[PDB]
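Descriptive structure summary
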Amino acid sequence: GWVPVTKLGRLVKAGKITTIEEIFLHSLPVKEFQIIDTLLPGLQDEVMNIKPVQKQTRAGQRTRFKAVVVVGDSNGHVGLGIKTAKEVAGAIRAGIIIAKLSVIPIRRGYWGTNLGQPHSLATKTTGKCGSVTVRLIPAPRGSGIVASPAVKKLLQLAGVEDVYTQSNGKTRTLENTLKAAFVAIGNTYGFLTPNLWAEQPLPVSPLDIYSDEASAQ
Amino acid sequence: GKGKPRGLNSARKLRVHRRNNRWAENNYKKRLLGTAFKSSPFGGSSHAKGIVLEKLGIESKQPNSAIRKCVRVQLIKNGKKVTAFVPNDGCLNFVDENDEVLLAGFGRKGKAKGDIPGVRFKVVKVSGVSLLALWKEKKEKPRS
Amino acid sequence: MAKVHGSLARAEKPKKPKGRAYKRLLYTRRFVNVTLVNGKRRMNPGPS
Amino acid sequence: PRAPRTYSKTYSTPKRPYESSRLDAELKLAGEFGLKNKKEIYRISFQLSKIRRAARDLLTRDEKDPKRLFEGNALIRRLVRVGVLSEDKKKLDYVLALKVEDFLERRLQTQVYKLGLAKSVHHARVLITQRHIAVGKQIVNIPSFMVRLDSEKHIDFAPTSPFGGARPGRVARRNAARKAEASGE
RNA sequence: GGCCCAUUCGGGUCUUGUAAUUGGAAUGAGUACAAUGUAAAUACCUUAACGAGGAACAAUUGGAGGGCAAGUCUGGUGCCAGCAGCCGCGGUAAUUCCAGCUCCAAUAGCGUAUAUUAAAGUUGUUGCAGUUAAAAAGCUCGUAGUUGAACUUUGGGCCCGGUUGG
């Protein structure tokens with residue numbers, strides 16, 4: 001079964017929130033992985049790298065297993081998490097849950113003119129973690145994704161059809177590469193382009209419109 | 001300010017520093033000084049023919065250990081001598097001598113911590129007949 | 001050892017078919033049937 | 001001396017040789033259409049990737065720019081005349097999303113099987129090679145003809161082939177010369 | 001298997017799988033009367049008669065721990081062991097040597113060697129490196145070379161005539 005124990009969770013169990021964007025507009029914190037599953041039922045994962053790793057406790061070499069799992073839609077939502085664990089099949093299923101917990105949108109724009117759907121990125125963006133830099137660049141139609149295979153597979157599940165990459169730094173520790181392409185996506189909502197210049201009034205939260213509901217006993 | 005000049009009439013310092021310390025790229029210095037003639041045993045060629053002095057047996061000392069069979073030779077265009085390598089008659093049964101042979105190089109660089117020791121060449125044919133045509137036995141060595 | 005000079009053409013295993021027909025054969029043997037080892041995948045396997 | 005004779009190379013291999021997600025989509029085109037090797041599929045990606053480059057920069061210069069209007073409306077006009085662009089997609093941005101089987105569906109090996117002459121896609125390439133099919137009046141024997149659009153409707157058999165015409169081959173003639181004379185003895 | 005008649009059969013539609021299970025059709029590699037070609041010829045285009053179950057009218061080079069697509073397979077007393085660009089695999093029976101079988105890649109091999117280009121933001125104008133990793137001269141005056149603050153006619157009014165959203 002599912003008992004919500006967080007007061008966002010009661011609001012979505014009763015069905016007062018129908019899309020995920022109300023979590024994103026008022027930027028609400030999320031701490032229960034079942035909220036995403038009912039909200040985004042089409043979510044879908046792959047595992048990137050599984051590596052045994054070692055700790056010399058009591059000079060007894062106990063084996064852990066680190067896993068890198070990316071979950072993601074094929075519309076504009078991604079996720080990524082990492083978990084070490086004692087057994088192999090626990091580290092995969094524990095690795096999925098953190099990745100379900102960290103979902104972000106992505107602004108998807110055009111290259112040039114305005115015919116039909118958006119395919120590429122809106123602007124150029126960049127994130128750096130560790131020592132790696134990764135920079136993403138808009139492309140025309142027919143381009144496809146030009147990246148390394150571990151980064152091309154990420155951007156399929158966010159559903160960008162054409163994009164140009166360019167990466168500096170030591171790109172051969174893939175736990176750090178993917179943690180830079182992640183930052184370089186999630187900044188796309190955050191560059192104030194000129195069409196976002198206009199004014200709008202502030203909406204009000206669901207966490208007090210439905211305040212009598214989703215309250216503890 | 002980056003430690004290099006930026007202004008507009010500055011093209012002469014910029015192009016005369018660049019060829020100044022372009023002499024630390026390791027194989028641009030080999031090409032302009034032209035050390036391929038003055039030091040290399042081949043002079044700048046793919047293959048080269050020599051005439052075999054004698055059989056040699058060489059061994060590989062640390063972690064590896066086995067019986068590597070090589071051959072002395074003396075080049076016709078040059079007179080200098082080198083030690084080639086013959087591939088995997090590991091049966092120890094193809095000594096041959098006062099013969100005409102064709103060398104080549106390895107795609108060379110290696111690891112001799114197992115001490116697969118300091119030769120640089122190989123053998124692709126002997127007395128007008130390929131090596132693999134004898135090992136796969138498609139010809140046999142021409143004589144009367 | 002060598003070739004036989006008499007090959008004039010004026011006046012253990014069965015073969016494989018060579019050319020465009022071989023591309024037809026490979027299309028079947030991995031895309032019209034299946035081979036698994038309990039969902040996990042070791043196609044073209046060792047016989048065990 | 002004399003003048004020299006121009007030539008060009010017509011395909012190009014790819015950068016990474018052994019990676020598996022490429023190798024299968026090439027395979028499923030070679031079984032779908034029956035192509036001999038993967039040099040035939042590189043041949044269609046080269047020709048495409050110069051079309052795409054040619055439109056990729058006429059888009060950069062302005063509209064109402066007389067090089068865009070003369071070299072654009074000719075490139076568009078040639079792709080429709082063979083029948084790859086759709087007749088409602090006559091705009092220059094629409095060629096930038098063209099695909100590689102939109103040329104593969106216009107060969108003679110593919111347009112004779114769809115038009116009801118051969119029971120399979122491998123009964124096409126052996127019907128063409130043996131001089132049986134003749135668009136217009138001309139026996140062609142090339143499985144990569146790329147038929148123009150207003151001559152889809154002229155394909156038939158040949159006025160020399162035993163299928164759509166005259167005398168049987170030298171099996172049936174040889175079989176009739178093996179039985180009809182042997183009826184008496 | 002398969003869609004369905006399914007009662008349950010088979011009622012249809014399929015797809016293979018194989019059955020040294022069986023049948024008939026197509027054709028040019030090759031040969032060769034003629035004609036055409038050509039300065040004369042040879043060959044390519046055209047064409048009498050001839051020309052296959054094709055088992056023989058028989059595709060080949062390189063690999064099957066990793067990078068990098070492909071094997072848990074049997075045989076050596078280590079017949080015929082360093083060992084495959086670089087991490088390495090051998091000390092019997094090897095998940096790499098030597099061979100048999102089955103698979104993979106390109107199909108006319110890019111197989112090996114030597115130069116050069118991309119990869120290389122490891123030559124850096126675009127565009128690198130400052131303490132501890134290669135790397136700021138013992139210290140101030142001073143050639144050539146490079147680089148050098150702000151300011152001197154703005155604004156106002158009328159009127160014709162362009163192609164674009166219209």
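Our subject is the structure that appears above.
A few points on the structure. (Residues numbered from 1 in each chain as written, not as in the entry; some residues may be left out. Chains lettered and ligands numbered in written order. Part of a larger assembly, values for the part shown. Heavy atoms only, no water.)

1. Here's the deal with the overall build of chain B
Broken down by element type, chain B carries 4 helices and 6 strands. From first element to last, N terminus to C terminus, chain B shows the α and β order α-α-α-β-β-β-β-β-β-α. For 144 residues, the compact-globule estimate of 2.2 N^0.38 gives 15 Å, and chain B exceeds it by more than 25% at 23 Å. For the C-alpha atoms alone, the extent of chain B along its principal axes is close to 80 × 40 × 30 Å. Burial status across chain B gives 23% buried among its 144 residues. In chain B, once contacts between residues fewer than 6 apart in sequence are set aside, the share between residues at least 24 apart is 49%. (Helix = DSSP H or I, 4+ residues; strand = E, 2+ residues; numbered from the N terminus. Rg over C-alpha atoms; globule rule 2.2 N^0.38 Å. Buried < 20%, exposed > 50% of the residue type's maximum accessible area, 1.4 Å probe, protein only. Contact = heavy atoms within 4.5 Å.)

2. Remarks on a positive patch on the surface
On the surface, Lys55, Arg58, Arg62, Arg64, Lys83 and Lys86 of chain A cluster together into a patch of positive charge. The topology assignment puts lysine 86 of chain A in the loop between β3 (78–85) and α4 (88–101). (Patch = residues over 30% accessible without salt bridge, like charges linked within 9 Å, V, L, I, M, F, W, Y side chains within 5 Å. Areas by Shrake-Rupley, 256 points an atom, 1.4 Å probe, with all protein chains shown as cover. Salt bridge = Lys/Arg side-chain N within 4 Å of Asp/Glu carboxyl O. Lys, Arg positive; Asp, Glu negative; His and termini not counted. Charge placed at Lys NZ, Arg CZ, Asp CG, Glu CD.)

3. A look at the interface of chain A and chain D
Counting from both sides, the interface comprises 8 residues of chain A and, opposite them, 7 residues of chain D. Interface area, chain A with chain D, both sides summed: about 660 Å², of which 62% is carbon and sulfur. Our count for the contact surface shared by chain A and chain D stands at 0 salt bridges. At the boundary of chain A with chain D, the tally comes to 1 residue pair in polar contact. (Buried area = accessible area lost by both parts, 1.4 Å probe. Polar contact = N/O pair within 3.5 Å; in protein donor to acceptor, adjacent residues only side chain to side chain.)

4. Topic: the interface of chain D and chain C
Interfaces are frequently sized by the accessible area removed from exposure as the parts join. Contacts between chain D and chain C engage 13 residues on the former and 8 residues on the latter. In this assembly, chain D packs against chain C so that about 1000 Å² is buried in total across both faces, 63% of it on carbon and sulfur atoms. Area buried by chain D at its contact with chain C is led by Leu27, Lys36 and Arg125 of chain D, which between them contribute 44% of it. For the interface between chain D and chain C, the tally reads 1 salt bridge. Across the pair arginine 20 of chain C and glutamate 40 of chain D runs a salt bridge, and its minimum N-O distance is 3.8 Å. Between chain D and chain C we count 2 residue pairs in polar contact in total. The leading source of residues in the side of chain D that touches chain C is helix α1 (residues 20–32) of chain D, at 4 residues. Split by residue class, the side of chain D that touches chain C holds 2 nonpolar, 5 polar and 6 charged. (Nonpolar A, V, L, I, M, F, W, Y, C, P; charged D, E, K, R; others polar.)

5. Here we look at the packing of helix α1 (residues 20–31) of chain C against α1 of chain D
The contact between α1 of chain C and α1 of chain D brings their axes to 9 Å, and the two run at 120°. Considering their axes alone, α1 of chain C and α1 of chain D lie oblique with respect to each other. The handedness of the crossing between α1 of chain C and α1 of chain D comes out as left-handed. Contacts between α1 of chain C and α1 of chain D involve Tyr27, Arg30 and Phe31 of chain C on the former and, on the latter, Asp24, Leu27, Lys28 and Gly31 of chain D. (Axes fitted to C-alpha atoms, helices over the stretch in contact; angles between N-to-C directions. Parallel < 35°, antiparallel > 145°, perpendicular 65-115°, else oblique. Left-handed = near helix turned anticlockwise from the far one by under 90°.)

6. Regarding the protein's contact with RNA strand E
Around RNA strand E there are 58 residues in total, and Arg18 of chain B, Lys13, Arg30 and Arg42 of chain C together with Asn175 of chain D lie nearest to it. When the atoms of RNA strand E within 4 Å of the protein are sorted by group, sugar and phosphate make up 80%. Here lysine 18 of chain C contributes a side-chain N or O atom positioned 2.9 Å from a sugar or linking oxygen of RNA strand E. Contacts to RNA strand E include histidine 132 of chain D, whose side-chain N or O atom sits 2.8 Å from a sugar or linking oxygen. When contributions to the surface near RNA strand E are tallied by element, the ones reaching two or more residues are β2 (67–75) of chain B, α1 of chain C together with α1 and α7 (172–179) of chain D. Broken down by element, the surface near RNA strand E gets its largest block of residues, 3 residues, from α1 of chain C. Residue composition of the surface near RNA strand E, by class: 18 nonpolar, 20 polar and 20 charged. (Near = heavy atom within 4 Å.)

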